[PDB]
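Enquirer:
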Amino acid sequence: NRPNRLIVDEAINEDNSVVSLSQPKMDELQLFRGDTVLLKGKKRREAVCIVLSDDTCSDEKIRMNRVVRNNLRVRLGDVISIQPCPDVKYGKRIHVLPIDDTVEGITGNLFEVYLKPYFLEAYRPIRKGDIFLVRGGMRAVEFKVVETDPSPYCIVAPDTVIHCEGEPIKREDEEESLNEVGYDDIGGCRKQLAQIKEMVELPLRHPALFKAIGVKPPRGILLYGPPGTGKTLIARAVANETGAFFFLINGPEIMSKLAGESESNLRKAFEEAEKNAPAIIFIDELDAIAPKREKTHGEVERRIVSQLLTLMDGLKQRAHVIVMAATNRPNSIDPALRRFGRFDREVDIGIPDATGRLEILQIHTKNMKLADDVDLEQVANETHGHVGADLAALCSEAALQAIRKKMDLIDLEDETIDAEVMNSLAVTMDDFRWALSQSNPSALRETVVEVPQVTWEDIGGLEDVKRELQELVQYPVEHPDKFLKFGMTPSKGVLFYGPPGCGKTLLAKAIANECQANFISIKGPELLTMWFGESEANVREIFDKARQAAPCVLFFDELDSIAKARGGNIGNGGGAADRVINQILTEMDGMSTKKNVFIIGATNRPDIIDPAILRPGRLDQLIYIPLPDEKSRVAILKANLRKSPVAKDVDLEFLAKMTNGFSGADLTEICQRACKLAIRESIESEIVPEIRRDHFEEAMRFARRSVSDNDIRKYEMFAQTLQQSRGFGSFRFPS
Amino acid sequence: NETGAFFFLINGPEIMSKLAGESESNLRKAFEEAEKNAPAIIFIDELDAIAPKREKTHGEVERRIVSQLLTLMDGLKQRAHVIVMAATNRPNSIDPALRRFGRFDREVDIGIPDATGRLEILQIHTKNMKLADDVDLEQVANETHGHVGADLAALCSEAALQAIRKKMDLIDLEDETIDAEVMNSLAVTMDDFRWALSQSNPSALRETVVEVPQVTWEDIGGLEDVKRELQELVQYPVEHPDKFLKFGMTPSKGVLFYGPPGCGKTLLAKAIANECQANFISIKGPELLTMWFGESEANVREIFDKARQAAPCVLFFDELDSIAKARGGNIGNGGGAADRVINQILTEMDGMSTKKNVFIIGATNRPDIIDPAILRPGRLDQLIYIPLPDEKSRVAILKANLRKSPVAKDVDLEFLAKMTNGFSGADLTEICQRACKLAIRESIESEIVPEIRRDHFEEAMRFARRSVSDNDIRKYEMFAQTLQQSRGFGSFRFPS
Ligand SMILES: Nc1ncnc2c1ncn2[C@@H]1O[C@H](COP(=O)(O)OP(=O)(O)O)[C@@H](O)[C@H]1O
Ligand SMILES: Nc1ncnc2c1ncn2[C@@H]1O[C@H](COP(=O)(O)OP(=O)(O)O)[C@@H](O)[C@H]1O
Ligand SMILES: Nc1ncnc2c1ncn2[C@@H]1O[C@H](COP(=O)(O)OP(=O)(O)O)[C@@H](O)[C@H]1O
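As C-alpha cells, then:
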C-alpha cells in the first residue's frame, strides 16, 4: 500500500511554496489546512512546502509548480514521497546568494528590492540547498543557499536577520535553468496542449516500456497555426518538461547550405539525437523545406525532400526519438509526408480567444510590476485579431514606453542599471494604449474560432425555439445510449429561415455556448468571394478545420446571398444551383455522422434556397423565427439594457406595445440612437452621467421598421406551406 | 514471404535522395542482385514519386532516372525469374511509357475494405492482445466507414495506449523491463476504443467508395412488379449466357429509373447489386455538378475505368438531371439540353465493353428534361417507372422500416397506410424518424419506458408533410403513358 506516493503534476497558483491537495487526500493522511510537509524526491534530496486546499486536480495526485519541481529534480509523471512534519522549526540566520547566470545587470541593494517584498508576511519555509525563483524588476532572478544551519529548522520569521556577501556563484549541470521554457509559460492553449501532453507522455517518460511491447509509438506530430501562435514554444516546453534532448532544426538554416552540404547537415542531425535518447527533433518551418506540391523547381529541392522522407520513415524503432514538425498552412505541405509512418498524428493550434489571451498577458507581465488601474480584461477584448507573438510584442512595446518617460530626466549614464529604479517603474494603462493603437495584427483574414460569450439571457423571447435547439444538439452528445439502441442516426443540421434581424445568429451562438463547443461563422461575402474568385475548393478546408476542432458548429450566415447576387428563383438562364453550394453539399454528404460537428444554416429568402439541400440527410430540420410578440420584445430590451446604465424612468413595457411591426434589429438601433444622444448631450454640456427618459422619447422619432408588411405575408405563407399540418390534425386510432 | 522468393524493397524517396549519378548506380545494382538470388521479387514503394513523367518534366536527372528505370524494366529478357511489383497511389499519376506491353501490363487495383473486410483487419490487429467480454468489432467497422488498412492499425494502437495510461500512473513499474503478468490482465474495453475512434481522422473520404451493399429485397416495401423486371435483365445474361449467344443478340447496356422523388430509386439499385453479388458504385448529383462547375469533364473516364476493372459492378447515377436543373431545363438559357458531363458520359458508354458484366443504372426525377440522345436503343433503352406505393405497398414499407427500432404490437400499421394516400416512400421514413425522436426526447426528459408507445406515432402524424403534391403526379402519369404508348395495338391478333 504505502499511501504516501502521489503523482506530480503542474500547479495553478503562481506562488512558490504551495501544494494543491484535495479534501480526501488530507483527510486520509490526518493533515490540516495550515500545516507544512516535507516533500522527498530522487537524488537524496528533500523539500519543505505548504499544503493548500484544492477541489479540481485529482484523487491521488499532487500539483507542484515549476519552481519547486526543479528543486527535487522531479518532472511531470514521476512519483514522490510526502510525509507530514508537525515539528516546530524556526529560522535564525539564512545565508543566500544568486547565480551569475541572471544577475548581470543588478546593482545596489538586493534585500529591499527582491527579498523584502517576497519574504515578509509570507512565512515561506525555506530549505538549505533549494533554488527558489523570485520575480521583480521587469525580470526574474533566483537565489541559492550555500551554507546555513542543517535542515530542517529553516522558516522565515519577521525577527530573522539576513546578510549577503555580494558575489555570485556558478551553477552545475544537475539543475536546469529557471529562465527556460516550461509548461507554465504556455497560455491560451489547453485542448491542443493536453493532446500533446498525453500523446508523448509514455514514450518519453517510459522509453523502456515501448521497447518491451509491440505498440507502435507516434513517430511524427505535425503542428499548425499562423506564424507566431507558439508552436516552437510548445515543442521546446514538451522536451524541457519530459527530460528529452531537444534538437532545433531551422527551416532556412538547412536550405542556406550549398549543394550536398544540406544533405549532410540534415542527416547528421538524426543519429546525433538518436544517441541522446530520448530526444525530440523539431523542425521550425516545414513548408519552406518540402513544398513539393506545386513548386518542383530544381534537383536539389527534390533531393532534400526525398532525403527528409527517407530519414523520416526509416526510423525503425532503434532510438525513442519523436519528430515534431511545424508549419503555417495545412495544404502547403507535401502529401507524401502525411503517409502512415511519417506524419500521422495531426495537431492544429488556433488563435487564442478572449479568455486565452488574458493568460498570455499574465505570463508575459509576471516579471514586471503594474499599477492598480491596470486590467488585462479590456486588453484581451480589444485585441481580438492578435496571436501569441503579437501580445508579447505588445507587452514589450508597452514596457518600453514607461522607460522613455523616465530615462530622459534621470539620465543614469552607467554601464549597468540599478534594481531600485525598475521596480518602481510601474506600467500604466496609458503605456499599454499607445502600443495597442499601433500594433498590427498578423491574423485577420483566416476564420477565427471561439466558444462565444453570449448566453440564453441575452436572447429575448423565442422560448419555443430554445427548447427545440436544446433538443437535437445536446441529447445525442450527452445521452447517446438511447440513440444507438434504436439504430437511427441523429440529424446532421438545422436550417434557420425567417425575416432578417430576428436572432438567426444569436441562437446559433447561444447553442454553441450552452454546449461548450467551438463556433465557426461564415458570412455572406465569405461565401461570395469563392464564387466571384472562381475558386470553390476552399470549402474543404473549412470543413476540415471544423472537423478536427470537434465539438463545433458550422454556421453559414445568409446562405442565399449567393443566389441573390445572380437573380433568384429565375434570375439568368441558369437554375438555382452553383459551384459553392455544390461543394458545400459534396462535403456535407461525405461528412462523418458520428462526430460532434454540427452545421447551422441561416437564410432570409427561403423561397430561393435550393431544394437539394433540404432533403432528409443534409438539412431536414427547419425552424422558423417569427417576429417577436408583446412579451418577446420586452425581454429583448431587458437583455439589451444590461450594458448601458439606464434608470427606472424609461418604461420598456409601454415601448414594446407601440412597436408592433419591429424586428430584433430595430430595437437595437433605437437604443443605440438613444445612447448616442446621451453621449452627445453629455459632451455638449461638458463645456448628467445617466440615461434619462427624454433620450428614448426623441430617439423613437426615427424608429424605422426594417421589415415592411409585404414580406410578412410571403414568410407566413411559406411557413404554412412547408409545415402542412392541416388535414391530419384530427387523425385518431380506432382501437 | 509465402512463395519463397527473395524480397527486395526499393523505397521511392530513397533512390531520389541520392546525388547526381549515384541514384542510377543504386537503382541498377538493385536488379542483378535480385537476379542472382532467383527467384526474387523487386518491390517499388512509391512509383509516382520516381517517374512522374506526365506533366513535371523538370530536370535532366529526373528524366535520366525515368529512362534508366524504363530500360532496366523491359530489358529483363528472361535471364532470371524476377517479378517486379510496383505500388502507387493514383492511376493517372504514372508515366504512360511504363504501361507498354513488357514492363507493366497486369494491373491490380486494391480498394478500401468494406464493413465485412475491416472486421478481419481488426481481428488480425487485436489477436495479440486480450479484450473484455463487452468488446465487439461489428460496431467499430460500421462506425469506421471512411478508414483504410493503416487507419485501423493506428486506431487499434491508440485504443491500446489508452488502457496503459489508466494503469501506469498508479502502479508505477519503474523497471528497465516490463512483466508479462500485468499486460495479460490489461483488457481493452469499448471505452478505450471510443476515445480513439472519435479523434482518428480518415485518410480516404473524397474518392468513390465501392461496396456490395447490405440491403436486400426484404428492406424494400412493395414494388413487386419492378423486382422481377430487375431480376430479368441483369441476372439472366450473367448466369445463363448460353441462350444469349445462340440467338446472336447482345443484352441491354443499362436501365433508367424515372419517377417521383423518394420512392426507392436507390434502394432498387442497391438491392439488385446485393442479389447479384457485385460491386456498387454510386454517383450523387453534386459529384456530377462538380465536374461541370469545375470545367473539368475528364473525370468520367476514371469512374468508368474503376467500374470496369471492378467487374462485376453496377454504375449508379443519382439524379442525372441535376445538371440540367442547374441550367434551366427544357428551355433554360440560349443553349439546349446537352452539356459536357453528359457528353463525356455518352462518349464513355458508347465505347464501353458490351461483353463485360458491368452495368449502368440511371436515376432521375424530371424525365422531361433528360436528353433524348441517352434514351436510344444501345445506351439506355430500358425504362422502368416507379409509381407511388399503393395500399398494400405502403404496409411493407413500414414492416421493413420498423425492423430496427423496438415497436410493440400496439401501433396499427395497416390503418396508417390507408390514411396516407398521397405519401411517397420518403415521407413514411421521416414519420418514423419523428416518432422515434419523440420517444428519445420523452425518455431523456422522464429520466430526471424503453419502448415505443402508440401515442408517439399519433403525435408524429401531425407533421406528416406530403413531399410530392398533386401537380407533378399528373405530369409523371402523362409522361409515362406517352413513353409507353400501348394503345391501338392492344387488340392486334394474327388471322391464321
Ligand atoms: N500561447 C503562448 N503563450 C505564451 N507565450 C507565447 C504564446 N505564443 C507565443 N508566445 C511568445 O511569442 C514569442 C515568439 O514565438 P514564436 O517563436 O514566433 O512561435 P512560433 O515559432 O510557434 O511562431 C515566444 O517568445 C513566446 O514567449
Ligand atoms: N431575439 C433577440 N433578442 C435580443 N437581441 C436581438 C434579437 N435578435 C437580434 N438581436 C440583436 O440584433 C443585432 C443584429 O442581429 P442579426 O445578426 O442581424 O440577427 P439575424 O442574424 O437574425 O439577422 C444583434 O447584435 C442582436 O443583439
Ligand atoms: N419502396 C421503399 N420501401 C422502403 N423504404 C423506402 C422506399 N423508398 C424509399 N425508402 C426510404 O426512403 C429513404 C430515402 O430514399 P431516396 O434515396 O430518397 O429514394 P429515391 O432514390 O427513390 O429518391 C431511404 O432511406 C429508404 O429507406
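Quick mapping for you: the protein sequence lines, in order, are chains D and E. Positions 21 to 707, 728 to 775 (PDB author numbering) are the ones given, in order, by the first sequence. Positions 260 to 707, 728 to 775 (PDB author numbering) are the ones given, in order, by the second sequence. Just so it is clear, CB atoms sit at the ideal spot from N, CA and C, and this is done for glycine as well.
1. Tell me where the beta strand (DSSP E) around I151(D) begins and ends.
2. Relative to the C-alpha of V166(D), which residue among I151(D), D734(D) and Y173(D) is closest?
3. Return yes when the C-beta of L456(E) is under 6 angstroms from any heavy atom of ligand 1, and no when it is not.
4. Could you check which residue in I731(D), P172(D) and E650(D) has the C-alpha nearest to that of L675(D)?
5. Please report whether the beta-carbon of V99(D) lies at a distance below 7 angstroms from any beta-carbon of chain E.
6. What in chain E is Cβ-close to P636(D), meaning under 8 angstroms?
7. Checking contacts by CB at 7 angstroms: is residue 710(E) closer than that to chain D?
8. When you check each C-beta in the stretch 737 to 766 of chain E against every C-beta of chain D, which residues fall closer than 8 angstroms?
9. Whole beta strand (DSSP E) runs in the stretch 260 to 311 of chain E with 3 or more residues, listed along the chain?
10. Quick check: the Cα distance between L548(E) and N602(D), rounded to an integer number of angstroms?
11. Can you find a CB in chain E that lies within less than 7 angstroms of the CB of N285(D)?
12. From what residue to what residue does the alpha helix (DSSP H) around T549(D) run?
13. If you compare alpha carbons, which of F290(E), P626(E) and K389(E) is closest to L329(E)?
14. Roughly how many angstroms lie between the CA atoms of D75(D) and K543(E), to the nearest whole one?
15. Can you pull the chain D residues whose beta carbon is under 8 angstroms from the beta carbon of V320(E), in chain order?
16. With distances taken from CA atoms, which of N533(D), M219(D), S282(D) and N401(D) is nearest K277(E)?
17. If you follow the beta strand (DSSP E) that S555(D) is part of, which residue opens it and which one closes it?
18. For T475(E), is the classification buried or exposed, using 16 other Cβ atoms within 10 angstroms of its Cβ as the cut-off for buried?
19. Using 7 angstroms as the threshold, is the C-beta distance between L672(E) and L657(E) below it?
20. With burial defined as no fewer than 16 other Cβ atoms inside 10 Å of the residue's Cβ, what is the status of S541(D): buried or exposed?
21. Do the stretch 422 to 439 of chain E and the stretch 214 to 233 of chain D make contact, defined as three or more Cβ pairs closer than 8 angstroms?
22. Name the chain D residues that come within less than 7 angstroms of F452(E), Cβ to Cβ?
23. Pick out the complete alpha helix (DSSP H) segments inside the stretch 597 to 631 of chain D, 4 residues or longer, and give them in chain order.
24. Starting from the N-terminal side, write out each stretch of the alpha helix (DSSP H) that is 4 residues or longer and does not extend beyond the stretch 75 to 115 of chain D.
25. Can you list, in chain order, the residues of the stretch 580 to 592 of chain E whose Cβ is nearer than 8 angstroms to any Cβ on chain D?
26. Which chain E residues are close to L335(D), counting only those with a beta carbon under 9 angstroms from its beta carbon?
27. Contact between the stretch 264 to 272 of chain D and the stretch 300 to 318 of chain D: three or more CB pairs below 8 angstroms?
28. Against chain E, which members of the stretch 563 to 578 of chain D pass a CB distance test of less than 8 angstroms?
29. Is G521(D) near ligand 2, with its Cβ less than 6 angstroms from a heavy atom?
30. Hey, could you find the ends of the alpha helix (DSSP H) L515(D) is sitting in?
31. Go ahead and pull the three-state DSSP assignment for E196(D).
32. To the nearest angstrom, report how far apart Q398(E) and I82(D) are at their CA atoms.
33. Tell me, to the nearest whole angstrom, how far the beta carbon of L414(E) is from that of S459(E); I am working on the premise that it is less than 8 angstroms.
34. Kindly list, in the order they appear in chain E, the residues whose Cβ is closer than 9 angstroms to that of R86(D).
35. Beta carbon of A374(D): closer than 6 angstroms to some heavy atom of ligand 2?
36. Any chance the CB of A264(E) is under 6 angstroms from a heavy atom of ligand 3?
Expert: In brief:
1. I151 to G156 is the extent of the beta strand (DSSP E) around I151(D).
2. The option with the nearest alpha carbon to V166(D) is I151(D).
3. Not one heavy atom of ligand 1 falls within 6 angstroms of the beta-carbon of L456(E).
4. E650(D)
5. Closer than 7 angstroms: yes.
6. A685, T688, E689 and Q692
7. Since the model of chain E passes from 707 to 728 in one step, residue 710(E) is not part of what is shown.
8. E737, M740, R741, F742, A743, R744 and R745
9. 265 to 269 and 299 to 303
10. 7 angstroms
11. no
12. It spans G544 to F552 - the alpha helix (DSSP H) in which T549(D) sits, taken as one unbroken run.
13. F290(E)
14. 54 angstroms
15. Those are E319, listed as they occur along chain D.
16. For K277(E), the nearest C-alpha among the options comes from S282(D).
17. No beta strand (DSSP E) contains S555(D), which DSSP labels as neither H nor E.
18. exposed
19. yes
20. buried
21. yes
22. Here the premise fails: no neighbours, minimum Cβ distance about 13 angstroms.
23. 599 to 609
24. With a minimum length of 4 residues, the continuous alpha helix (DSSP H) runs that stay inside the stretch 75 to 115 of chain D are 86 to 89.
25. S581, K584, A585, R586, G587, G588, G591 and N592
26. Those do not exist, as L335(D) stays about 13 angstroms from chain E at its closest Cβ, beyond 9 angstroms.
27. yes
28. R567, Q568 and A570
29. yes
30. Careful: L515(D) lies outside any alpha helix (DSSP H), inside the beta strand (DSSP E) at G513 to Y517.
31. coil
32. 39 angstroms
33. 5 angstroms
34. By Cβ distance, chain E contributes nothing, its closest Cβ being about 20 angstroms from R86(D), past 9 angstroms.
35. no
36. Not so, every heavy atom of ligand 3 lies at least 6 angstroms from the Cβ.
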